[PDB]
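Chemist: The structure follows.
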Amino acid sequence: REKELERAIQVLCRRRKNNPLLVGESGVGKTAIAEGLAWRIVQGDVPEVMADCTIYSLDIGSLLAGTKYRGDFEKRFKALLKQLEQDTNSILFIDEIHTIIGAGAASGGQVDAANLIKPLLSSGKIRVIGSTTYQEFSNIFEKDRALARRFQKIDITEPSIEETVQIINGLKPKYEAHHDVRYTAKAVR
Amino acid sequence: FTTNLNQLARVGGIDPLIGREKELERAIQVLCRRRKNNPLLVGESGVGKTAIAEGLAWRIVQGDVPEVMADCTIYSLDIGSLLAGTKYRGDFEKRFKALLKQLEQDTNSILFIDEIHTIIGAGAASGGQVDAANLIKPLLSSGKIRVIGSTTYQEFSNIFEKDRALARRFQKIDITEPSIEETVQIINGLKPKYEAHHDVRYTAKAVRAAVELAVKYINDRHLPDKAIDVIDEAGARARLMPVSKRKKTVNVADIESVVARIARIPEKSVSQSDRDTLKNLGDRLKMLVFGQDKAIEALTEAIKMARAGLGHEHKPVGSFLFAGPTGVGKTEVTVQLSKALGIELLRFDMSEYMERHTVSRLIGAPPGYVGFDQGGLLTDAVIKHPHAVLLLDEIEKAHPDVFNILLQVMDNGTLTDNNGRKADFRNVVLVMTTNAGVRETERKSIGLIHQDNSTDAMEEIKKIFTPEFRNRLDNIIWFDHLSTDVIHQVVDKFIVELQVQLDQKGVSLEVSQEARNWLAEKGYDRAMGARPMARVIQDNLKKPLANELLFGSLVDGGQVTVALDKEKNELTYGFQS
Amino acid sequence: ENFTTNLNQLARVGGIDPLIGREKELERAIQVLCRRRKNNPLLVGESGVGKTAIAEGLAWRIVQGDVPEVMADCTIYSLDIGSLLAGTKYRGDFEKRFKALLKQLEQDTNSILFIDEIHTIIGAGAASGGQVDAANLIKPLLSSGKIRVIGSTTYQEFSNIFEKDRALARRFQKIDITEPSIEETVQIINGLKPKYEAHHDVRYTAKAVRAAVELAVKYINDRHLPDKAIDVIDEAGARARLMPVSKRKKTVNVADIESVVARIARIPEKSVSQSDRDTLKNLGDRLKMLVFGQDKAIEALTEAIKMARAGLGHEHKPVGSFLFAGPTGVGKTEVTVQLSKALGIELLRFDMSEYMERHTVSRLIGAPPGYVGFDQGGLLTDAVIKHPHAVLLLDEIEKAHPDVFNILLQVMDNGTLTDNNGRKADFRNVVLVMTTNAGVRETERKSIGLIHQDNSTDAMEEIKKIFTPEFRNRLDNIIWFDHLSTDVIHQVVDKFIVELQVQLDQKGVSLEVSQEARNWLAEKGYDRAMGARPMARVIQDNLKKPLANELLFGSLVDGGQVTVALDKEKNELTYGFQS
Amino acid sequence: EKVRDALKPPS
Ligand SMILES: Nc1ncnc2c1ncn2[C@@H]1O[C@H](COP(=O)(O)OP(=O)(O)OP(O)(O)=S)[C@@H](O)[C@H]1O
Ligand SMILES: Nc1ncnc2c1ncn2[C@@H]1O[C@H](COP(=O)(O)OP(=O)(O)OP(O)(O)=S)[C@@H](O)[C@H]1O
Ligand SMILES: Nc1ncnc2c1ncn2[C@@H]1O[C@H](COP(=O)(O)OP(=O)(O)O)[C@@H](O)[C@H]1O
Ligand SMILES: Nc1ncnc2c1ncn2[C@@H]1O[C@H](COP(=O)(O)OP(=O)(O)O)[C@@H](O)[C@H]1O
Ligand SMILES: Nc1ncnc2c1ncn2[C@@H]1O[C@H](COP(=O)(O)OP(=O)(O)O)[C@@H](O)[C@H]1O
Ligand SMILES: [Mg+2]
Ligand SMILES: [Mg+2]
Ligand SMILES: [Mg+2]
């Protein structure tokens, strides 16, 4: 996934459209790219600009666990956003970005997380990474033209069979230790 | 709570507007009308819809506009502050009211709101107390206040058409993608802003080649946004060098590789190495597909004339047909042609489209349709891939209604859609196939001596097909039968697939050239061609081996030997464990 | 209350245009509004006819006091459908808000609710999943009678949702609204002229207003007469003041208006001009330089057109009914293309070959899909509706069934056509042209005999037998052709070479061909039986094949300097490139 | 339609 990684780093570095969007299909490995980007950063096989960055991942379920009273969701989400802008080098990798479109506002207030984050994205102080499928992106994410304008779509496709065998060999030690077995190179092919 | 656009233009932050002079004149035309004075700027996203509004204000300060509107000072609504700043109710009403006093009392004053569809409902979280759009309707009907809106082509039909009253106030102004000459000025104008951030200087040649290569491959967005994206990505790539900004200048080589990554295409494609590929690919067709050498010359020259410019600009690259027997390589050449040129292959089966209703589904609905069913799968394919190979096999089987559409598309090189305004079929090559050319009566004739009823030279298809459709075709290519030597080579291909299957079973199979000749003569048929070759291969090679593999000599693997004897006239099977 | 605006209150502060005409419709509204039950009126009219304007007229009449005493104190309100719907998030909010207004309105008697485009909320959906639930709050008001609701709909919508649902149609009367006559239209503009002249201080001459209405209807076939007419005057006022920055001319002329309609029409200004005198005289000459050869046909065709377009002749009969005969694949079809281009009309190439089958004849006089779409229309019927002033290029008339001919008789005499859809089309301004290819077939037909016999048939002979004399009686004039000339065919090579050379100019290429070679190539391509049909293909084949190989990489890329000349022994052109 | 709404009590 060397080429796919390059596109994300390039999108993060540019002035405008700083937020990348990893569109793809289920199981292709779009989430692994974001989780793997942080792994690459600690390893140090990335440009100097991104080496100092710290990627964060938001869990919406925990965010909504205790938002019983009025203003709980707003104060929590707004508080987290303040941390991102002060650092200026962190990235919030939120998977299933389409979910936050209608989350955080039960009724009346209609203060959705998408609306809250939107203004900050206009300035560009905070950069985030999203993940969505083609069907979900068009059915839900495309409806919000404001968010789509900020994010730069990235098309992901399943890797070739040649690339897949290399992935299995790289990941083979992890599964070999857990199962206490040795997989042959002929078997993976 | 408020923003000003004339003051920004006076300072000079916004760059000089380039082109779009006709839109400016047509925009101010309705702007000065007593009624219907709300110019609605309808265009796709990223086509400079907002730039036109900012451009108009800029020209006013310069004074190269009608004096009637030069005195005016265009304003801009604070979308961000109004949408989220006034969370509490009541404040929006008093604050918006202040804008009304400022808006009124000055007929010259103008207000432009980008994304005018989003504000259809706003001003309250959940209360129905007030609506920003509705509040201005009493002052709009009179016409004292005139405003400019921005709505996407899709959003225009989705909401504005519903409220004829609101649509009545506004007047659509189509926005067409700017030409390459116009874009080079816009991007060059925006070049300094980005060069400082990246500490790089883009060469003039580099920025003009980017648009040419971008439109050639990138098709998801329009030229203004598309050009800006390739410049920003290239700049960021330059400052990400290994040690410290190894490359400062931005040469053509840098943008040539940037589009490759964004387009997910292999290197050397942007090099424009089309001339040499055409010559070498020709030889590949003959070896990959045996026979039809005469048709290969016609197919290759067709592409050379279009790219060389020996055709009408509106007319598509090519409109041909393949009339020939079954399994004569008609489909085989098309697949290699696409792969050889690195172009997407979009194939449609006309057999499913035989019925009249299916033909309409191909393009959605000519009279009209509703329900977001996304009908017109053929039109959508072209929008996602403007350059592609469109193969319509068994065109004769299709209802003649489909032909009528091709007359319009061939004439202009574009296909209209139920929702989409138009499509680009200029790059696409229209190629079809037909089996009516081979039509021989099962009963030869009423006589002792059969008659060789030689097939007519396209006379039969002329009556079946419409006359105008035949003339509009760029050329007519016919596919004849294949020579016996070619059939002897085709069996080699079928045999090869058997050996790979045997590799998983560890079985060695060796067949003599004489045996191959027996399958070839019985395999190939004039009426069916390649279709009966499989049945003989299955019956004469696969079926006998199945018994042995499951229960016999080749349970655990072995060697297979085949020979033919003239005494019995049938093949012989030998198995070695 | 804020949602709906009080029209009656608006009239006091202005903004209400005076109502010119439609007094009978206004009286019907007053008459039906005074009924105890079923008083709720409906305005079944097409878009742009001014149905909404009469509603405001009732507000002007009430404040003025020229109405019955019972209605003198009545008030009118215009429901703002878009306001309530936009604010809502999900269904139920609109109904609640609408319920609040209706209750406030019922408190005060003599309150009229003008629900413009009532069909949108009543039913037929297809906007955001449909808003048919709004009908629920409309039926009680009709049955209750407490308040009278004025409705605005269209003929299509009315039958689809209103007539089907008796609950609404029973409690709603019908006031058919028809577009006003041309005479009534100019009067309407005169009433509205003071507002525009006082707006920017410019005068409007009686000549321009009359020209505006006639030009719009003749060219703008997608909009109605009253609404589109105002845009022409309004556009002219803006364009007149803003465009000539140097000179401010208040006086407007009919020629100025032509430019205004040209922009929306997107047709040349000269063709847009309604000058029968000037166009008739120049039409014949215009066809000569544009199309060279067989000029005799242009003379006879043009003079015949003058007889029908003179204006004395009753226009019930189609303007043109020329039935061309003789050879095909000649400039006869080309003349129609340039004739349609000079005038600017859209040439419709209707070919009977596809409609040979008897069942297929219904496609012209019936919906082709035969579905319940109810908007497709007949091929011939909708095509004439789209372009009422465009010529119909009949092709392959020979392969036509008798029923196909029967339909033609109706348009020639009746000048109207009735189909399954029931939509009426106007054939007053339509032109008709035909082409007979039977003669060409007989020329190449072999003779069953020892020695073939020459058959130099004439165009007249075929029509006498193949076509019934009834058609010839209605036919105005028949033209004939033999061949253009030997020299013109040589010139045809030059004309194609002109367009082909224009193509080279784009590539920055120069090419020359021998005068003798041009003559021989013309003869090779031209044939008596096929005419000029294959000439187009041979022209490109001579040079496109060799040039294509070297244009990718070669001297042609920069200047060309190509030389083309035939070989006497081989009679094959030779290509040499000198950059 | 039939949608469920989650209320928020004041702190
Ligand atoms: N390049 C890779 N390196 C390592 N593991 C990979 C790679 N690509 C895919 N995988 C594996 O494939 C799994 C599925 O891909 P993910 O990106 O995690 O899927 P996902 O986006 O969460 O899927 P959804 O929820 O169906 S859209 C990963 O969790 C890894 O186990
Ligand atoms: N004709 C132009 N004149 C000046 N700047 C232009 C022009 N076309 C594109 N641009 C630049 O590129 C941008 C094009 O997008 P915008 O005009 O901002 O927005 P839009 O395309 O109208 O709408 P969006 O996509 O919904 S933000 C401009 O803001 C300028 O930075
Ligand atoms: N010249 C050729 N080269 C390769 N394969 C050929 C050639 N001529 C015929 N064939 C074979 O003919 C068969 C055609 O299969 P298919 O495309 O499904 O047929 P059809 O188009 O009649 O439905 C394939 O096995 C194909 O490989
Ligand atoms: N009878 C009429 N008297 C005066 N003006 C009319 C009349 N009919 C149409 N108009 C004019 O037509 C234009 C649009 O009228 P309106 O009622 O809004 O049309 P619609 O009903 O199609 O929406 C206005 O300029 C209006 O004054
Ligand atoms: N007098 C003429 N002036 C100009 N072009 C002519 C003339 N006569 C014939 N042609 C040309 O010769 C051809 C006539 O046949 P064409 O219209 O091509 O046949 P078809 O309608 O069957 O395709 C056209 O290219 C036409 O422009
Ligand atoms: Mg995931
Ligand atoms: Mg914009
Ligand atoms: Mg085949």
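Labels used: A, B, ... for chains in the order of the structure tokens, numbers from 1 for residues in each chain, and numbers from 1 for ligands as shown.
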Based on only C-alpha atoms, which of the residues in chain A come within 6 Å of chain D? I want them as a PyMOL selection string.

Modeler: chain A and resi 68-70+106

Chemist: For ligand 8, list the contacting residues at 10 Å or closer, counting only C-alpha atoms and all ligand atoms, as a PDB file with N, CA and C atoms, in the first residue's frame.

Modeler:
```pdb
ATOM      1  N   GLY B 324     -19.871 -11.030 -39.259  1.00  0.00           N
ATOM      2  CA  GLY B 324     -19.120 -12.236 -39.504  1.00  0.00           C
ATOM      3  C   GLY B 324     -19.703 -13.458 -38.820  1.00  0.00           C
ATOM      4  N   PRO B 325     -19.119 -14.632 -39.068  1.00  0.00           N
ATOM      5  CA  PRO B 325     -19.623 -15.853 -38.426  1.00  0.00           C
ATOM      6  C   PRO B 325     -19.316 -15.868 -36.936  1.00  0.00           C
ATOM      7  N   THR B 326     -19.878 -16.872 -36.268  1.00  0.00           N
ATOM      8  CA  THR B 326     -19.681 -17.041 -34.836  1.00  0.00           C
ATOM      9  C   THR B 326     -18.266 -17.512 -34.522  1.00  0.00           C
ATOM     10  N   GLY B 327     -17.722 -17.016 -33.415  1.00  0.00           N
ATOM     11  CA  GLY B 327     -16.389 -17.407 -32.979  1.00  0.00           C
ATOM     12  C   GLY B 327     -15.286 -17.158 -33.984  1.00  0.00           C
ATOM     13  N   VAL B 328     -15.317 -16.010 -34.655  1.00  0.00           N
ATOM     14  CA  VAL B 328     -14.317 -15.647 -35.655  1.00  0.00           C
ATOM     15  C   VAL B 328     -13.402 -14.529 -35.151  1.00  0.00           C
ATOM     16  N   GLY B 329     -13.306 -14.349 -33.836  1.00  0.00           N
ATOM     17  CA  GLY B 329     -12.439 -13.333 -33.278  1.00  0.00           C
ATOM     18  C   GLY B 329     -13.005 -11.934 -33.212  1.00  0.00           C
ATOM     19  N   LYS B 330     -14.301 -11.749 -33.473  1.00  0.00           N
ATOM     20  CA  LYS B 330     -14.885 -10.410 -33.423  1.00  0.00           C
ATOM     21  C   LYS B 330     -14.755  -9.803 -32.030  1.00  0.00           C
ATOM     22  N   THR B 331     -15.179 -10.539 -31.003  1.00  0.00           N
ATOM     23  CA  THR B 331     -15.063 -10.045 -29.635  1.00  0.00           C
ATOM     24  C   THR B 331     -13.617 -10.045 -29.158  1.00  0.00           C
ATOM     25  N   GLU B 332     -12.830 -11.026 -29.601  1.00  0.00           N
ATOM     26  CA  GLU B 332     -11.442 -11.154 -29.165  1.00  0.00           C
ATOM     27  C   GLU B 332     -10.611  -9.918 -29.496  1.00  0.00           C
ATOM     28  N   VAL B 333     -10.806  -9.337 -30.680  1.00  0.00           N
ATOM     29  CA  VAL B 333     -10.021  -8.160 -31.050  1.00  0.00           C
ATOM     30  C   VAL B 333     -10.350  -6.974 -30.147  1.00  0.00           C
ATOM     31  N   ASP B 393     -22.789  -5.991 -28.978  1.00  0.00           N
ATOM     32  CA  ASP B 393     -22.884  -7.208 -29.768  1.00  0.00           C
ATOM     33  C   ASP B 393     -24.340  -7.541 -30.068  1.00  0.00           C
ATOM     34  N   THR B 433     -21.406  -5.706 -33.443  1.00  0.00           N
ATOM     35  CA  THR B 433     -21.250  -6.987 -34.116  1.00  0.00           C
ATOM     36  C   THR B 433     -22.622  -7.504 -34.517  1.00  0.00           C
ATOM     37  N   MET B 528     -21.486 -22.957 -36.708  1.00  0.00           N
ATOM     38  CA  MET B 528     -21.243 -22.610 -35.311  1.00  0.00           C
ATOM     39  C   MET B 528     -19.822 -22.166 -34.990  1.00  0.00           C
ATOM     40  N   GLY B 529     -18.842 -22.471 -35.832  1.00  0.00           N
ATOM     41  CA  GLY B 529     -17.476 -22.057 -35.565  1.00  0.00           C
ATOM     42  C   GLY B 529     -16.822 -22.681 -34.348  1.00  0.00           C
ATOM     43  N   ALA B 530     -16.401 -21.841 -33.399  1.00  0.00           N
ATOM     44  CA  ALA B 530     -15.732 -22.305 -32.186  1.00  0.00           C
ATOM     45  C   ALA B 530     -16.665 -22.967 -31.178  1.00  0.00           C
ATOM     46  N   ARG B 531     -17.976 -22.748 -31.281  1.00  0.00           N
ATOM     47  CA  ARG B 531     -18.903 -23.299 -30.291  1.00  0.00           C
ATOM     48  C   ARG B 531     -18.840 -24.815 -30.121  1.00  0.00           C
TER      49      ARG B 531
END
```

Chemist: Please report the interatomic distance between atom CA of residue 466 of chain C and atom CA of residue 399 of chain C in Å with one decimal.

Modeler: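 For atom CA of residue 466 of chain C relative to atom CA of residue 399 of chain C, the distance reads 11.0 Å.
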
Chemist: Give me the residues within 10 Å of segment 142-146 of chain B as a PyMOL selection string, counting only C-alpha atoms and dropping any in the same chain fewer than 2 places off.

Modeler: (chain B and resi 30-39+100+103-112+136-140+148+169-170) or (chain C and resi 14-16)

Chemist: Quote the spacing between atom CA of residue 78 of chain B and atom CA of residue 11 of chain B in Å to one decimal place.

Modeler: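 According to the coordinates, atom CA of residue 78 of chain B and atom CA of residue 11 of chain B are separated by 19.1 Å.
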
Chemist: Can you tell me how far atom CA of residue 286 of chain C sits from atom CA of residue 299 of chain C, in Å to one decimal?

Modeler: 11.3 Å

Chemist: Residues within 9 Å of ligand 4, counting only C-alpha atoms and all ligand atoms: report them as a PyMOL selection string.

Modeler: (chain B and resi 35+164-165+168) or (chain C and resi 16-23+45-57+116+152+179-180+184-185+188-189+191-192+224-231)

Chemist: Any chance you could export the current selection's N, CA and C atoms as a short mmCIF file (atom, residue, chain, number, x, y, z; two decimals), in the first residue's frame?

Modeler:
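Result file is selection-v3.cif:
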```cif
data_model
loop_
_atom_site.label_atom_id
_atom_site.label_comp_id
_atom_site.auth_asym_id
_atom_site.auth_seq_id
_atom_site.Cartn_x
_atom_site.Cartn_y
_atom_site.Cartn_z
N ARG B 35 -38.65 42.91 -12.77
CA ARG B 35 -39.08 41.66 -12.18
C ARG B 35 -38.16 40.56 -12.69
N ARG B 164 -42.71 26.75 -7.67
CA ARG B 164 -42.73 27.58 -8.87
C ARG B 164 -42.68 29.06 -8.52
N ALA B 165 -43.27 29.44 -7.38
CA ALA B 165 -43.25 30.84 -6.97
C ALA B 165 -41.82 31.31 -6.73
N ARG B 168 -40.01 31.29 -9.95
CA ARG B 168 -40.44 32.42 -10.77
C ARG B 168 -39.58 33.64 -10.50
N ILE C 16 -49.63 45.88 -6.72
CA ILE C 16 -50.66 45.11 -7.40
C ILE C 16 -50.82 45.69 -8.79
N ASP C 17 -50.54 44.88 -9.80
CA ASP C 17 -50.68 45.35 -11.17
C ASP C 17 -52.15 45.37 -11.57
N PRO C 18 -52.57 46.30 -12.42
CA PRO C 18 -53.98 46.32 -12.83
C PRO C 18 -54.29 45.12 -13.70
N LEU C 19 -55.53 44.66 -13.62
CA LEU C 19 -55.98 43.50 -14.38
C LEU C 19 -56.67 43.96 -15.65
N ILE C 20 -56.13 43.53 -16.79
CA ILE C 20 -56.67 43.86 -18.11
C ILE C 20 -57.33 42.61 -18.65
N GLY C 21 -58.64 42.68 -18.87
CA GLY C 21 -59.36 41.54 -19.38
C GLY C 21 -59.67 40.53 -18.30
N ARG C 22 -60.13 39.36 -18.75
CA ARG C 22 -60.50 38.25 -17.87
C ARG C 22 -61.61 38.65 -16.90
N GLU C 23 -62.46 39.59 -17.32
CA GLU C 23 -63.56 40.02 -16.46
C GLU C 23 -64.57 38.89 -16.26
N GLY C 45 -55.44 26.26 -15.17
CA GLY C 45 -54.77 26.94 -16.26
C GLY C 45 -53.32 26.54 -16.34
N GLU C 46 -52.76 26.65 -17.54
CA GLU C 46 -51.37 26.32 -17.78
C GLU C 46 -50.45 27.38 -17.19
N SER C 47 -49.19 27.00 -17.01
CA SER C 47 -48.20 27.92 -16.45
C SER C 47 -48.00 29.12 -17.38
N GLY C 48 -47.95 30.31 -16.78
CA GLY C 48 -47.73 31.53 -17.53
C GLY C 48 -48.99 32.19 -18.05
N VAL C 49 -50.15 31.55 -17.91
CA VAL C 49 -51.39 32.12 -18.41
C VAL C 49 -51.88 33.30 -17.58
N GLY C 50 -51.37 33.46 -16.36
CA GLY C 50 -51.79 34.54 -15.49
C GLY C 50 -52.87 34.17 -14.50
N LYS C 51 -53.01 32.89 -14.16
CA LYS C 51 -54.03 32.46 -13.21
C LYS C 51 -53.79 33.09 -11.84
N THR C 52 -52.53 33.19 -11.43
CA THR C 52 -52.22 33.82 -10.15
C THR C 52 -52.59 35.30 -10.16
N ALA C 53 -52.44 35.97 -11.31
CA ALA C 53 -52.71 37.40 -11.40
C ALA C 53 -54.17 37.73 -11.12
N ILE C 54 -55.10 36.89 -11.57
CA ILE C 54 -56.51 37.20 -11.32
C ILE C 54 -56.81 37.13 -9.83
N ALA C 55 -56.11 36.28 -9.09
CA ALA C 55 -56.31 36.21 -7.65
C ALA C 55 -56.00 37.55 -7.00
N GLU C 56 -54.87 38.15 -7.39
CA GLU C 56 -54.54 39.47 -6.87
C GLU C 56 -55.55 40.50 -7.34
N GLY C 57 -56.11 40.30 -8.54
CA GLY C 57 -57.12 41.21 -9.04
C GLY C 57 -58.32 41.29 -8.11
N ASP C 116 -51.77 28.85 -4.06
CA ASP C 116 -51.22 28.70 -5.40
C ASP C 116 -50.58 27.33 -5.52
N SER C 152 -55.23 26.96 -7.53
CA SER C 152 -54.61 27.12 -8.84
C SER C 152 -54.00 25.78 -9.21
N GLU C 179 -55.41 30.92 -22.72
CA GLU C 179 -54.50 31.99 -23.10
C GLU C 179 -55.26 33.08 -23.87
N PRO C 180 -54.99 34.36 -23.62
CA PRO C 180 -55.72 35.41 -24.32
C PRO C 180 -55.28 35.54 -25.77
N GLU C 184 -56.02 40.65 -27.34
CA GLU C 184 -56.11 40.91 -25.91
C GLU C 184 -54.73 41.08 -25.28
N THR C 185 -53.72 40.39 -25.81
CA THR C 185 -52.38 40.45 -25.23
C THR C 185 -51.76 41.84 -25.34
N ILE C 188 -53.14 44.12 -22.77
CA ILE C 188 -52.60 43.86 -21.44
C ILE C 188 -51.29 44.61 -21.25
N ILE C 189 -50.42 44.57 -22.26
CA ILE C 189 -49.13 45.26 -22.17
C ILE C 189 -49.35 46.76 -22.04
N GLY C 191 -51.73 48.30 -20.58
CA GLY C 191 -52.09 48.60 -19.20
C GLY C 191 -50.89 48.60 -18.28
N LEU C 192 -49.92 47.73 -18.55
CA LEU C 192 -48.71 47.62 -17.74
C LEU C 192 -47.58 48.51 -18.23
N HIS C 224 -45.91 30.23 -22.57
CA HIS C 224 -47.20 30.77 -22.97
C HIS C 224 -47.08 32.25 -23.36
N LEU C 225 -48.14 32.75 -24.00
CA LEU C 225 -48.13 34.11 -24.54
C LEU C 225 -48.04 35.20 -23.47
N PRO C 226 -48.89 35.24 -22.45
CA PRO C 226 -48.84 36.37 -21.50
C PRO C 226 -47.55 36.50 -20.71
N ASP C 227 -47.00 35.41 -20.17
CA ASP C 227 -45.83 35.55 -19.31
C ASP C 227 -44.57 35.85 -20.09
N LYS C 228 -44.29 35.08 -21.15
CA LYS C 228 -43.07 35.30 -21.91
C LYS C 228 -43.04 36.67 -22.56
N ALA C 229 -44.21 37.23 -22.89
CA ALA C 229 -44.26 38.54 -23.51
C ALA C 229 -43.69 39.62 -22.59
N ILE C 230 -44.01 39.55 -21.30
CA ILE C 230 -43.51 40.56 -20.36
C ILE C 230 -41.99 40.50 -20.28
N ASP C 231 -41.42 39.30 -20.35
CA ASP C 231 -39.97 39.17 -20.28
C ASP C 231 -39.30 39.86 -21.45
#
```

Chemist: Identify every residue of chain B that has at least one atom within 6 Å of any atom of chain C, counting only C-alpha atoms, and report the result as a compact mmCIF listing (two decimals) with C-alpha atoms, in the first residue's frame.

Modeler:
```
# COMPACT_ATOMS: atom_id res chain seq x y z
CA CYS B 32 -31.51 45.41 -14.02
CA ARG B 33 -34.99 43.99 -14.74
CA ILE B 120 -34.23 27.30 1.88
CA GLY B 121 -34.95 26.59 5.55
CA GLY B 128 -41.02 27.54 12.82
CA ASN B 134 -39.36 33.70 3.60
CA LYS B 304 -4.75 6.74 -36.43
CA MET B 305 -7.11 8.94 -38.47
CA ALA B 308 -4.34 12.53 -36.34
CA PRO B 367 -40.39 11.28 -21.74
```

Chemist: Quick one: which residues from chain C are at most 9 Å off chain D, using only C-alpha atoms, as a list in words?

Modeler: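 Per the criterion, chain C yields residues 90, 91 and 92 of chain C.
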
Chemist: Collect all residues with atoms no farther than 6 Å from ligand 5, counting only C-alpha atoms and all ligand atoms, and output them as a VMD selection string.

Modeler: chain C and resid 291 to 294 329 to 331 333 to 334 532 to 533 536

Chemist: Could you give me, as a Markdown table, every chain A residue with an atom at most 10 Å from chain B, plus its closest atom pair and distance in Å to one decimal, counting only C-alpha atoms, rows ordered by chain then number?

Modeler:
```
| residue | atom | partner | partner_atom | distance |
| --- | --- | --- | --- | --- |
| A:3 | CA | B:261 | CA | 6.8 |
| A:4 | CA | B:261 | CA | 8.2 |
| A:6 | CA | B:261 | CA | 8.4 |
| A:7 | CA | B:262 | CA | 7.3 |
| A:9 | CA | B:237 | CA | 8.8 |
| A:10 | CA | B:236 | CA | 5.9 |
| A:11 | CA | B:233 | CA | 6.8 |
| A:12 | CA | B:236 | CA | 8.9 |
| A:13 | CA | B:236 | CA | 5.8 |
| A:14 | CA | B:236 | CA | 5.6 |
| A:15 | CA | B:232 | CA | 7.4 |
| A:16 | CA | B:232 | CA | 8.1 |
| A:17 | CA | B:229 | CA | 8.7 |
| A:46 | CA | B:242 | CA | 9.0 |
| A:47 | CA | B:240 | CA | 6.0 |
| A:48 | CA | B:240 | CA | 7.6 |
| A:49 | CA | B:240 | CA | 7.3 |
| A:50 | CA | B:240 | CA | 9.3 |
| A:107 | CA | B:126 | CA | 8.0 |
| A:108 | CA | B:126 | CA | 5.1 |
| A:109 | CA | B:125 | CA | 5.7 |
| A:110 | CA | B:125 | CA | 6.1 |
| A:111 | CA | B:125 | CA | 8.2 |
| A:115 | CA | B:84 | CA | 8.0 |
| A:116 | CA | B:84 | CA | 8.1 |
| A:118 | CA | B:80 | CA | 9.0 |
| A:119 | CA | B:80 | CA | 6.7 |
| A:122 | CA | B:80 | CA | 9.4 |
| A:144 | CA | B:118 | CA | 9.8 |
| A:145 | CA | B:115 | CA | 9.3 |
| A:146 | CA | B:115 | CA | 9.4 |
| A:149 | CA | B:45 | CA | 9.1 |
| A:152 | CA | B:229 | CA | 9.3 |
| A:153 | CA | B:220 | CA | 9.9 |
| A:154 | CA | B:262 | CA | 8.2 |
| A:155 | CA | B:264 | CA | 8.7 |
| A:156 | CA | B:264 | CA | 9.2 |
| A:157 | CA | B:264 | CA | 9.5 |
```

Chemist: Name the residues, by chain letter and number, that sit within 12 Å of ligand 7 using only C-alpha atoms and all ligand atoms, and give them as number ranges by chain.

Modeler: A: 122, 145-146, 149-150; B: 41-54, 79, 112-116, 149-152, 224-225

Chemist: Taking only segment 13-141 of chain A into account, list the residues labelled alpha helix (DSSP H) by DSSP (computed from the backbone), as a PyMOL selection string.

Modeler: chain A and resi 13+30-43+48-51+60-63+72-87+113-123+134-139

Chemist: Could you please extract the residues within 12 Å of ligand 1, counting only C-alpha atoms and all ligand atoms, and hand them back as a PyMOL selection string?

Modeler: chain A and resi 1-5+22-37+39-40+94-98+130-137+156-160+163-172+174-175

Chemist: Excluding residue 101 of chain A and any residue of its chain fewer than 2 positions from it, enumerate the residues within 8 Å of it, using only C-alpha atoms, and give them as a list in words.

Modeler: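 My reading of the contact set: residues 97, 98, 99, 103, 112, 113, 114 and 141 of chain A.
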
Chemist: How about saving the chosen residues, C-alpha atoms kept, as an mmCIF file, in the first residue's frame?

Modeler:
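Final output, saved to result34.cif:
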```cif
data_model
loop_
_atom_site.group_PDB
_atom_site.id
_atom_site.type_symbol
_atom_site.label_atom_id
_atom_site.label_comp_id
_atom_site.auth_asym_id
_atom_site.auth_seq_id
_atom_site.Cartn_x
_atom_site.Cartn_y
_atom_site.Cartn_z
ATOM 1 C CA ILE A 97 -17.586 9.478 9.125
ATOM 2 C CA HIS A 98 -21.133 9.182 7.759
ATOM 3 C CA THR A 99 -22.345 8.123 11.226
ATOM 4 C CA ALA A 103 -25.421 11.828 15.763
ATOM 5 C CA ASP A 112 -24.869 17.518 15.097
ATOM 6 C CA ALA A 113 -21.157 16.766 15.200
ATOM 7 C CA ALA A 114 -20.944 17.421 11.456
ATOM 8 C CA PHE A 141 -22.021 11.828 2.799
#
```
